[PDB]
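The structure appears right after this line, and notes come after that.
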Amino acid sequence: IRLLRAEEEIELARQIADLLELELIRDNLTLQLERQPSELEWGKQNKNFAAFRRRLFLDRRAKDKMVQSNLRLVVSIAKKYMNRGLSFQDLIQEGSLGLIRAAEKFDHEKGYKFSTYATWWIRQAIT
Amino acid sequence: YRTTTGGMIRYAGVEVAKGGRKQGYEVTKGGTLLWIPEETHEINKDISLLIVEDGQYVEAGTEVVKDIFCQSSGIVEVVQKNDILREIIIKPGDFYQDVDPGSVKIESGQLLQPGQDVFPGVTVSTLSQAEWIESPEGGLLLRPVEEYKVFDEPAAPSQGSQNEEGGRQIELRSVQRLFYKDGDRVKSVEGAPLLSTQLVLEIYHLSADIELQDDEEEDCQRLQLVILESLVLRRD
């Protein structure tokens, strides 16, 4: 998998931030729609429903692209922890759970790189 | 040949011959050389982190742009393509009030002589380069150039050898090598050297040599670029 550039981390973070507001609306609507918001689309308020699924698929692919491409950072951190209690296989899977949480809380408006903020979350999930 | 910031470079009547654009370029003759400096900053910040405008003259007190401290003083210029900052072009020089912007655009590629004037009523001290900026409510800017003296051959010492010169002769040559051409600017903000007075040898793709510090005339050390082969000698 090819690594991301410095400008591609800012672009993918905007669709993840667009995915944060899309799941916050669904979490506020599931308390009054009998926990079944399959067709209840509050963001649109045949062409609008097809464009809503295209934006939902493109935003989930951006979160799919940021965690999958930054998997070399998990190996460089978990290689310094493979002596205490766990094997090398279990540390990358636990470190990848911190890379998912780092992608949701990454704020591109502050200006810092993704490798600076995700190091604090991969090392937290390993420890 | 150690400027403060980076910038463009263009020679005038200086021929060169090279085989690769990576490890410099060996010069052949002399000639004059110009240098138009401009500070650059290849960053990847956002637009909301920018606190200046397009064409705002900054000072050397703080000069904070995109939460990054600068080192020069001049007219700033940002580059935006897809809501991400790519380069911060800062052109140093003096800013003077002027009018008639339709005439200063044609003076962007001509060398401004110090004996002439850039505008009727506006004077200049030395030679510069005219450039107009697109700032709100308006004058053009003057970017000064820097000239240097280069030699076709530097001060090379007298080489001395003690051999029969049969099939194997070595010497030392001191040549100058430039790193940048006229149609390319440098992407640097710190001090970048322009040339390097090196010492290139030419044996007249094998026969590596070993140098050492050998001296017997005085009580000091002297370099000796010699070449030797070790022969076997049994202790029997």
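So you can find residues: chains in the structure tokens are A, B, ... in the order shown, residues in each start at 1, and ligands are numbered from 1 in order.
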Find the nearest atom pair between each residue of chain B and chain A for residues within 12 Å, count only C-alpha atoms, give distances in Å to one decimal, sort rows by chain and ascending number, and present the table as a Markdown table.
| residue | atom | partner | partner_atom | distance |
| --- | --- | --- | --- | --- |
| B:42 | CA | A:6 | CA | 10.9 |
| B:43 | CA | A:6 | CA | 8.8 |
| B:44 | CA | A:7 | CA | 6.2 |
| B:45 | CA | A:111 | CA | 5.6 |
| B:46 | CA | A:109 | CA | 6.9 |
| B:47 | CA | A:109 | CA | 9.0 |
| B:48 | CA | A:109 | CA | 7.4 |
| B:49 | CA | A:109 | CA | 7.5 |
| B:50 | CA | A:111 | CA | 10.7 |
| B:66 | CA | A:111 | CA | 8.8 |
| B:67 | CA | A:111 | CA | 8.8 |
| B:68 | CA | A:111 | CA | 10.8 |
| B:80 | CA | A:7 | CA | 11.7 |
| B:81 | CA | A:7 | CA | 10.7 |
| B:82 | CA | A:11 | CA | 8.8 |
| B:83 | CA | A:11 | CA | 9.0 |
| B:84 | CA | A:7 | CA | 7.1 |
| B:85 | CA | A:7 | CA | 8.9 |
| B:86 | CA | A:7 | CA | 8.7 |
Selected residues written out, C-alpha atoms, as an mmCIF file, in the first residue's frame:
data_model
loop_
_atom_site.group_PDB
_atom_site.id
_atom_site.type_symbol
_atom_site.label_atom_id
_atom_site.label_comp_id
_atom_site.auth_asym_id
_atom_site.auth_seq_id
_atom_site.Cartn_x
_atom_site.Cartn_y
_atom_site.Cartn_z
ATOM 1 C CA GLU B 42 6.965 24.668 1.584
ATOM 2 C CA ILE B 43 4.279 23.922 4.170
ATOM 3 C CA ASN B 44 0.955 22.071 4.164
ATOM 4 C CA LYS B 45 -1.154 24.151 6.548
ATOM 5 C CA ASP B 46 -4.751 25.258 6.057
ATOM 6 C CA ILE B 47 -6.272 28.598 5.088
ATOM 7 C CA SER B 48 -7.685 29.438 8.545
ATOM 8 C CA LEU B 49 -4.150 29.264 9.985
ATOM 9 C CA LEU B 50 -3.097 32.155 7.723
ATOM 10 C CA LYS B 66 0.838 30.228 9.442
ATOM 11 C CA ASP B 67 2.083 29.924 13.070
ATOM 12 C CA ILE B 68 5.674 29.795 11.769
ATOM 13 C CA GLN B 80 -3.605 27.932 -2.622
ATOM 14 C CA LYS B 81 -4.853 25.157 -4.901
ATOM 15 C CA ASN B 82 -7.277 22.860 -3.023
ATOM 16 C CA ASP B 83 -7.836 24.736 0.294
ATOM 17 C CA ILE B 84 -4.300 23.738 1.425
ATOM 18 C CA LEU B 85 -1.303 26.065 1.560
ATOM 19 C CA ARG B 86 1.573 24.910 -0.645
#
- Message: Applying 6 Å and only C-alpha atoms, which residues near segment 10-22 of chain B remain after dropping the ones on its own chain fewer than 5 positions away? List them as a count of residues only.
- Response: 7
- Mind checking DSSP for segment 3-236 of chain B and telling me the strand (DSSP E) residues as a PyMOL selection string? chain B and resi 7-12+25-26+32-37+64-65+68-69+74-80+85-92+94-95+128-131+141-144+176-178+195-197+210-213+223-226
- Message: I'd like to know which residues of chain A are alpha helix (DSSP H) (by DSSP, run on the backbone); could you write them as an NGL selection string?
- Response: :A and (8-29 or 47-69 or 72-78 or 88-104 or 114-126)
- Message: For residue 102 of chain B, find every residue with an atom within 12 Å (counting only C-alpha atoms), except residues of its own chain fewer than 2 positions away, and show them as an MDAnalysis selection string.
- Response: chainID B and resid 98:100 104:108 131:132 139:140
- Message: Just checking: using only C-alpha atoms, which residue out of B:130, B:142, B:175, B:208 ends up closest to residue 30 of chain B?
- Response: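 Ranking B:130, B:142, B:175, B:208 by distance to residue 30 of chain B, first place goes to B:175.
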- Message: Please list as a ChimeraX atom specification every residue within 9 Å of residue 71 of chain B, counting only C-alpha atoms and excluding residues in the same chain fewer than 2 positions away.
- Response: /B:5,39,60,62-63,69,73,189
Restricting the output to N, CA and C atoms, write the selected residues as a tab-separated table (two decimals), in the first residue's frame.
chain	number	residue	atom	x	y	z
B	5	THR	N	19.00	33.88	2.54
B	5	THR	CA	17.85	33.12	2.09
B	5	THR	C	18.09	32.61	0.67
B	39	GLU	N	12.43	34.38	-0.20
B	39	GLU	CA	12.26	33.36	0.83
B	39	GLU	C	11.04	32.51	0.53
B	60	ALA	N	10.65	42.55	10.57
B	60	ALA	CA	11.54	41.54	11.13
B	60	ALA	C	11.36	41.37	12.63
B	62	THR	N	8.39	40.09	14.55
B	62	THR	CA	7.83	38.77	14.79
B	62	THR	C	7.72	37.96	13.50
B	63	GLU	N	7.01	38.51	12.50
B	63	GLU	CA	6.84	37.92	11.16
B	63	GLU	C	6.24	36.51	11.23
B	69	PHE	N	7.49	31.22	12.52
B	69	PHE	CA	8.30	32.44	12.55
B	69	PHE	C	9.15	32.53	11.29
B	73	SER	N	12.22	39.93	5.49
B	73	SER	CA	11.24	41.02	5.49
B	73	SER	C	10.95	41.40	4.05
B	189	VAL	N	15.20	28.15	2.38
B	189	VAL	CA	15.12	29.40	3.12
B	189	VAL	C	16.38	29.67	3.94
- Message: Using Å and a single decimal, report how far atom CA of residue 14 of chain A sits from atom CA of residue 52 of chain B.
- Response: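 If I compute the distance from atom CA of residue 52 of chain B to atom CA of residue 14 of chain A, I get 23.5 Å.
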- Would you kindly return, as a PyMOL selection string, each protein, DNA or RNA residue with an atom no farther than 12 Å from any atom of residue 53 of chain A, considering only C-alpha atoms and excluding same-chain residues fewer than 6 positions away? chain A and resi 22+38-39+41+43-44+46-47+59-60
Written selection (N, CA, C and O atoms) as a PDB file, in the first residue's frame:
ATOM      1  N   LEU A  22     -22.367  13.348  10.329  1.00  0.00           N
ATOM      2  CA  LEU A  22     -23.383  12.459   9.777  1.00  0.00           C
ATOM      3  C   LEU A  22     -23.816  11.398  10.780  1.00  0.00           C
ATOM      4  O   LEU A  22     -24.993  11.021  10.807  1.00  0.00           O
ATOM      5  N   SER A  38     -33.206   3.694   8.917  1.00  0.00           N
ATOM      6  CA  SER A  38     -32.663   3.157   7.673  1.00  0.00           C
ATOM      7  C   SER A  38     -32.909   4.099   6.501  1.00  0.00           C
ATOM      8  O   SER A  38     -32.010   4.324   5.682  1.00  0.00           O
ATOM      9  N   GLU A  39     -34.117   4.657   6.402  1.00  0.00           N
ATOM     10  CA  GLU A  39     -34.463   5.580   5.333  1.00  0.00           C
ATOM     11  C   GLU A  39     -34.620   7.018   5.803  1.00  0.00           C
ATOM     12  O   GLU A  39     -34.765   7.913   4.963  1.00  0.00           O
ATOM     13  N   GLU A  41     -33.357  10.173   6.400  1.00  0.00           N
ATOM     14  CA  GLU A  41     -32.167  10.950   6.060  1.00  0.00           C
ATOM     15  C   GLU A  41     -32.469  12.420   6.327  1.00  0.00           C
ATOM     16  O   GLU A  41     -33.192  13.064   5.560  1.00  0.00           O
ATOM     17  N   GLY A  43     -30.059  14.732   6.471  1.00  0.00           N
ATOM     18  CA  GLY A  43     -29.094  15.574   5.787  1.00  0.00           C
ATOM     19  C   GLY A  43     -29.590  16.120   4.467  1.00  0.00           C
ATOM     20  O   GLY A  43     -29.132  17.177   4.023  1.00  0.00           O
ATOM     21  N   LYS A  44     -30.524  15.419   3.821  1.00  0.00           N
ATOM     22  CA  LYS A  44     -31.071  15.881   2.553  1.00  0.00           C
ATOM     23  C   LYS A  44     -32.050  17.036   2.719  1.00  0.00           C
ATOM     24  O   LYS A  44     -32.270  17.786   1.763  1.00  0.00           O
ATOM     25  N   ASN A  46     -35.368  10.484  -5.995  1.00  0.00           N
ATOM     26  CA  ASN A  46     -34.478   9.438  -6.485  1.00  0.00           C
ATOM     27  C   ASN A  46     -33.058   9.965  -6.660  1.00  0.00           C
ATOM     28  O   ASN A  46     -32.090   9.211  -6.566  1.00  0.00           O
ATOM     29  N   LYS A  47     -32.941  11.268  -6.914  1.00  0.00           N
ATOM     30  CA  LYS A  47     -31.637  11.894  -7.092  1.00  0.00           C
ATOM     31  C   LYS A  47     -30.992  12.292  -5.773  1.00  0.00           C
ATOM     32  O   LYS A  47     -29.762  12.249  -5.656  1.00  0.00           O
ATOM     33  N   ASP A  59     -17.308   8.928   2.088  1.00  0.00           N
ATOM     34  CA  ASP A  59     -16.785   9.308   3.395  1.00  0.00           C
ATOM     35  C   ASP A  59     -16.286   8.103   4.182  1.00  0.00           C
ATOM     36  O   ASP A  59     -15.309   8.220   4.930  1.00  0.00           O
ATOM     37  N   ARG A  60     -16.938   6.947   4.035  1.00  0.00           N
ATOM     38  CA  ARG A  60     -16.458   5.743   4.705  1.00  0.00           C
ATOM     39  C   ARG A  60     -15.207   5.193   4.034  1.00  0.00           C
ATOM     40  O   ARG A  60     -14.418   4.492   4.678  1.00  0.00           O
TER      41      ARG A  60
END
- Which of these, A:126, A:118, A:3, A:51, has the shortest distance to residue 104 of chain A once you count only C-alpha atoms?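 Closest candidate: A:118.
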- Distance query residue 98 of chain A at most 10 Å, only C-alpha atoms, self and fewer than 5 positions along chain excluded, as JSON, numbers by chain: {"A": [67, 74, 92, 93, 103, 118, 119, 120, 121, 122, 123, 124, 125, 126]}
Based on the selection just made, write N, CA and C atoms of those residues as an mmCIF file, in the first residue's frame.
data_model
loop_
_atom_site.group_PDB
_atom_site.id
_atom_site.type_symbol
_atom_site.label_atom_id
_atom_site.label_comp_id
_atom_site.auth_asym_id
_atom_site.auth_seq_id
_atom_site.Cartn_x
_atom_site.Cartn_y
_atom_site.Cartn_z
ATOM 1 N N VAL A 67 -6.657 4.754 7.858
ATOM 2 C CA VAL A 67 -6.175 3.761 8.813
ATOM 3 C C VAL A 67 -5.360 2.684 8.106
ATOM 4 N N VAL A 74 2.180 1.604 13.004
ATOM 5 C CA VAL A 74 1.846 0.701 14.099
ATOM 6 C C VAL A 74 2.959 -0.320 14.308
ATOM 7 N N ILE A 92 -0.033 -5.476 17.104
ATOM 8 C CA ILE A 92 -0.433 -4.708 15.928
ATOM 9 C C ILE A 92 -1.951 -4.611 15.844
ATOM 10 N N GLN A 93 -2.664 -5.653 16.277
ATOM 11 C CA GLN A 93 -4.124 -5.607 16.263
ATOM 12 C C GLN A 93 -4.659 -4.686 17.350
ATOM 13 N N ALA A 103 -8.077 8.505 14.277
ATOM 14 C CA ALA A 103 -8.610 9.073 13.045
ATOM 15 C C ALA A 103 -9.890 9.860 13.292
ATOM 16 N N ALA A 118 -1.336 10.561 16.143
ATOM 17 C CA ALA A 118 -1.641 9.136 16.195
ATOM 18 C C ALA A 118 -0.614 8.341 16.988
ATOM 19 N N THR A 119 0.568 8.909 17.240
ATOM 20 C CA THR A 119 1.558 8.229 18.070
ATOM 21 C C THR A 119 1.107 8.165 19.527
ATOM 22 N N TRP A 120 0.372 9.180 19.990
ATOM 23 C CA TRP A 120 -0.138 9.176 21.356
ATOM 24 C C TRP A 120 -1.267 8.173 21.557
ATOM 25 N N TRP A 121 -1.974 7.793 20.492
ATOM 26 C CA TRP A 121 -3.097 6.870 20.602
ATOM 27 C C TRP A 121 -2.724 5.423 20.317
ATOM 28 N N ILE A 122 -1.722 5.183 19.467
ATOM 29 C CA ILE A 122 -1.234 3.822 19.263
ATOM 30 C C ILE A 122 -0.490 3.341 20.503
ATOM 31 N N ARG A 123 0.330 4.213 21.096
ATOM 32 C CA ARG A 123 1.060 3.864 22.311
ATOM 33 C C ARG A 123 0.131 3.725 23.512
ATOM 34 N N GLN A 124 -1.017 4.407 23.495
ATOM 35 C CA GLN A 124 -1.974 4.269 24.587
ATOM 36 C C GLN A 124 -2.721 2.944 24.504
ATOM 37 N N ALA A 125 -3.081 2.517 23.292
ATOM 38 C CA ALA A 125 -3.822 1.270 23.135
ATOM 39 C C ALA A 125 -2.927 0.053 23.326
ATOM 40 N N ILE A 126 -1.623 0.199 23.089
ATOM 41 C CA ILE A 126 -0.695 -0.900 23.332
ATOM 42 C C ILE A 126 -0.439 -1.063 24.826
#
